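These are the residues of each chain, in order.
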Number of protein chains: 2
Amino acid sequence: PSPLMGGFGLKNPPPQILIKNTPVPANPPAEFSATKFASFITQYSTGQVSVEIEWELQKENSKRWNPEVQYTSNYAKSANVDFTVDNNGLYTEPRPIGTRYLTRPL
Amino acid sequence: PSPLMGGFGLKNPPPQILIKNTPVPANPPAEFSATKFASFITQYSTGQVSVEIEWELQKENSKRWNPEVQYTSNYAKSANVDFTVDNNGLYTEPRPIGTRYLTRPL
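- Chain A carries the name Capsid protein in the PDB entry, which gives Adeno-associated virus - 1 as its organism.
- For this structure, the PDB entry title reads "Cryo-EM Structure of Adeno-Associated Virus Serotype 1 with Engineered Peptide Domain PHP.B (AAV1-PHP.B)".

## Notes on the overall build of chain A
Alright, step 1. Secondary structure assignment for chain A yields zero helices and zero strands.
Alright, step 2. Taking 106 residues into account, the globule formula puts the C-alpha radius of gyration at 13 Å, and chain A, at 26 Å, lies well above it.
Alright, step 3. The principal-axis extents of the C-alpha atoms in chain A amount to approximately 85 × 45 × 25 Å.
Alright, step 4. Split into buried and exposed, the 106 residues of chain A put 5% on the buried side.

## Describing the interface of chain B and chain A
Alright, step 1. Across the boundary between the two partners, chain B contributes 15 residues, which contact 15 residues of chain A.
Alright, step 2. Summing both partners gives a buried area of about 1200 Å² for chain B against chain A, and 60% of it is carried by carbon and sulfur.
Alright, step 3. Summed over the shared surface of chain B and chain A, the result is zero salt bridges.
Alright, step 4. Viewed at the interface, chain A and chain B are joined by eight residue pairs in polar contact.

## Some points on unusual backbone geometry
Alright, step 1. Even without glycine at this site, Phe83 of chain A takes up a positive phi of about 60°.
Alright, step 2. You can call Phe83 of chain A buried: its relative accessible area is 9%.

Rules behind the numbers
- Residues numbered from 1 in each chain as written, not as in the entry; some residues may be left out.
- Chains lettered and ligands numbered in written order.
- Part of a larger assembly, values for the part shown.
- Heavy atoms only, no water.
- Helix = DSSP H or I, 4+ residues; strand = E, 2+ residues; numbered from the N terminus.
- Rg over C-alpha atoms; globule rule 2.2 N^0.38 Å.
- Buried < 20%, exposed > 50% of the residue type's maximum accessible area, 1.4 Å probe, protein only.
- Contact = heavy atoms within 4.5 Å.
- Buried area = accessible area lost by both parts, 1.4 Å probe.
- Salt bridge = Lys/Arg side-chain N within 4 Å of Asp/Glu carboxyl O.
- Polar contact = N/O pair within 3.5 Å; in protein donor to acceptor, adjacent residues only side chain to side chain.

The following block contains the structure:
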């Protein structure tokens, strides 16, 4: 049961955190009406969210002699730096980065 | 006092270990001669030498966002692997590798 998109398949994954604004009704009528409220005060909310994950690592223990393939930035004069913002303030990721760079014997 | 070829300048560097074969004279004459010996038994020596160095490291503490430049092996079909032996058994080093790959603010 490993997900086909990649990642960790969990029987009990991190649960969903669900959030909503509590409805605030607008001015009710002077006389009672059993029809459910449809007029609400229009509002939104803003805030800060923090997520902290501890990850366990499994270190390489290789006896390989020659140097390994590593993920590296390209050294060259470029109009922009990779994984940065442009002059308009837009953060971009130039390429997808995988994980499989170190090697081990089969 | 930093050496101009690069490295650590030490006032008391690792001392020189000097080794030689003790001369073994050949057959001396029957009568005494005060002339110093010039005929020796021809010999050499072989053995194993071990050197163990402990090095202190100074870890990066960078807050840089984009990925760093790393020294990497080239991924490509090549007749040989870098820093290995060839079919004749000769170990070769394709290029000189420096140290300055990570960065820090000035």
